[PDB]
Amino acid sequence: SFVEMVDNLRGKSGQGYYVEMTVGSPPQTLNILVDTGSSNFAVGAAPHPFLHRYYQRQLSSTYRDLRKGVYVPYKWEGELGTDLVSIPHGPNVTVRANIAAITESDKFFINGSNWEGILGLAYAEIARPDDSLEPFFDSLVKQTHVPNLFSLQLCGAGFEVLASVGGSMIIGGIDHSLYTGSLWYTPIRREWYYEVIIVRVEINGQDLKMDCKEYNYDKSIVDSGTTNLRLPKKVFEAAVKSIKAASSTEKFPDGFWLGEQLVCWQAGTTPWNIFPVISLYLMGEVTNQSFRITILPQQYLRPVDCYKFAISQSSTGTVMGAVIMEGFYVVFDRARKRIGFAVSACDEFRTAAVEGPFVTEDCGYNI
Ligand SMILES: COc1ccc([C@]2(c3cccc(-c4cccnc4)c3)N=C(N)N(C)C2=O)cc1C
């Protein structure tokens, strides 16, 4: 049942959400980043200064060598093999999955994140070294009776060390206790990343009035493995302009808007009401319909009372990252090629919202 998967996610603000997994026999316990923005099960498999433990293939009786390497510059590299994998607070199953045993890496692992690997939940098209390497979830679905869908409730922190965050990854279904109101769905435009289409953007109800192709230039994706809302240059600039104006009563250093520095108010004085809400309208399942997800400053200002601006520029399209997902229960409905959003169960004047339908075309940035 899904209840045993509730709160199966932990993390530190800004360092991703991880789920406990085991690999090999006997089970080796590891914390693994839940990442909808990639498609490899890649796990630290050799000593590293940021790793307090790692996957030891030699300790595993069930390890099988694929005698093939993988090199991922962007870096990390490893050796492909398969082994038995389980998620202790997930489905009660064990699957033989591809594992990229990371033997060397540079600026991949995060100091103090408390995770030792990544669970790439996106599609084979973007698996490394190529689409022949079946992703974990594909293996899980093919080998078990787990429904071809998962959902994420990322809860963030809320009110010396980075704030601890929590959440739930529900594998194989939708846990109604994790959300309120209606689930609205936007199509997965193509199965590689979880690519979606944004058709309109508003800041405090004010339309940015851009050609919608701009919102999806050159793609828009939903990525738990990204902290911020990342926006294409033109959209980021229009958004920041609008947010600045909305919060004009209080002026901040441009270093804050650039996501560099933190703004501080002493405990409990943060003027949330000065910052605007942001509404992303996503293409509906029905051609000329859309719906909006509305996020509060409590989502896009992330605690480090000090905060960093969690909206940042992208040259690879829109990325609806953790701070966006944190307002919502997000359903990755792979079976029906669609992604659902609803208000998550996790101030007194505003609330994150999911609302539709709203009236409209050709917003996709073809490829
Ligand atoms: C197959 O190779 C992969 C796999 C995953 C990733 C990353 C990744 C890698 C390491 C750490 C994080 C990370 C850091 C902080 C917060 N939250 C995720 C993300 N996951 C995504 N979504 N992103 C955009 C990435 O950079 C990168 C590469 C190159």
Side-chain angles (χ1 to χ4, degrees), residues 2-11 16-24 27-43 82-100 115-124 126-127 133-155 165-179 183 185 188 191 193-194 221-226 320 322 325-326 328-342 344-346:
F2 305 143
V3 284
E4 307 194 86
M5 305 187 210
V6 175
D7 206 33
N8 66 352
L9 268 27
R10 275 291 176 280
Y17 290 80
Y18 57 82
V19 61
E20 183 175 304
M21 302 181 70
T22 68
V23 179
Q28 301 177 40
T29 302
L30 299 166
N31 290 332
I32 301 298
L33 175 84
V34 175
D35 187 7
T36 63
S38 70
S39 308
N40 284 80
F41 185 40
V43 179
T82 66
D83 208 339
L84 304 185
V85 178
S86 305
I87 305 170
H89 307 276
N92 178 33
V93 296
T94 294
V95 297
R96 175 160 293 272
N98 292 313
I99 300 174
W115 54 259
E116 292 100 23
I118 298 185
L119 179 61
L121 296 163
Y123 300 94
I126 63 169
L133 188 70
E134 191 176 74
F136 173 85
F137 205 86
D138 287 276
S139 295
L140 174 69
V141 170
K142 286 178 177 177
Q143 293 172 34
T144 72
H145 290 100
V146 172
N148 190 19
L149 168 158
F150 65 92
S151 54
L152 299 178
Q153 185 201 47
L154 308 186
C155 295
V165 297
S168 310
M169 176 178 55
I170 308 305
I171 285 172
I174 296 172
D175 183 339
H176 292 252
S177 72
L178 302 182
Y179 76 97
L183 269 166
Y185 290 96
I188 293 173
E191 298 162 309
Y193 295 91
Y194 290 101
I221 77 174
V222 187
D223 185 5
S224 63
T226 292
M320 299 167 59
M325 299 178 66
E326 283 178 4
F328 315 103
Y329 188 41
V330 186
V331 178
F332 294 76
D333 185 349
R334 294 157 59 98
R336 296 176 66 162
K337 296 192 57 175
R338 67 184 184 170
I339 299 177
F341 290 84
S344 172
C346 75

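FYI, side chains are in, hydrogens and waters are out, and symmetry mates aren't considered; it's all heavy atoms of this structure. By convention here, the first residue in the shown sequence is residue 1.
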**OP:** Start with the C-alpha distance between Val331 and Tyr179, add both sets of side-chain angles, then the distance that settles side-chain contact (heavy atoms from CB on, under 4.5 Å), and finish with yes or no.
**Re:** CA-CA 11 Å; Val331 178; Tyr179 76 97; over 6 Å; no
[X] and [Y]: which non-hydrogen atoms are nearest, and at how many Å?
X      : Y      : result
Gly173 : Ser151 : O-OG, 2.9 Å
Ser224 : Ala322 : O-CB, 4.4 Å
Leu9   : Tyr17  : CG-CB, 4.1 Å
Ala345 : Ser177 : CB-O, 3.4 Å
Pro88  : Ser86  : CD-O, 3.5 Å

Do [X] and [Y] have side-chain heavy atoms sitting under 4.5 Å apart?
X      : Y      : result
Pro91  : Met5   : yes
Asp223 : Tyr193 : no
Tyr185 : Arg336 : no
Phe341 : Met320 : yes

Subject >> Criterion side-chain contact (heavy atoms from CB on, under 4.5 Å) on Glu20 and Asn31, from CA distance to verdict >> reply: CA-CA 4 Å; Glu20 183 175 304; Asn31 290 332; 4.0 Å; yes
If you round to the nearest 0.5 Å, how far is [atom2] of [Y] from [atom1] of [X]?
X      : Y      : atom1 : atom2 : value
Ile171 : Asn148 : CD1   : CG    : 12.0 Å
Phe150 : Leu121 : CZ    : CG    : 4.5 Å
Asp333 : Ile339 : CG    : CD1   : 9.5 Å
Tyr18  : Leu30  : OH    : CG    : 12.5 Å
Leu149 : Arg338 : CG    : CZ    : 8.5 Å
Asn40  : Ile126 : CG    : CD1   : 8.5 Å

Original post:
Under 6.0 Å between the ring centres of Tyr194 and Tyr123?
Top reply: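 Centroid distance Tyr194-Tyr123: below 6.0 Å, so yes.
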**OP:** Identify which one of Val141, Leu119, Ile118 satisfies the side-chain contact (heavy atoms from CB on, under 4.5 Å) criterion when paired with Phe136.
**Re:** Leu119
Is a donor on one side and an acceptor on the other found under 3.5 Å between the side chain of [X] and the backbone of [Y]?
X      : Y      : answer
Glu326 : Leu154 : no
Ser39  : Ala122 : yes
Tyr329 : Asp175 : yes
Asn98  : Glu134 : yes
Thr36  : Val222 : yes
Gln143 : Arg96  : yes

Subject >> CA sep, side-chain torsions, deciding dist, call: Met21, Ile87, side-chain contact (heavy atoms from CB on, under 4.5 Å) >> reply: CA-CA 4 Å; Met21 302 181 70; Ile87 305 170; 3.7 Å; yes
**OP:** Return the set of residues passing side-chain contact (heavy atoms from CB on, under 4.5 Å) with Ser168 (not counting sequence neighbours), or none when no residue passes.
**Re:** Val6, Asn8, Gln153, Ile170, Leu178
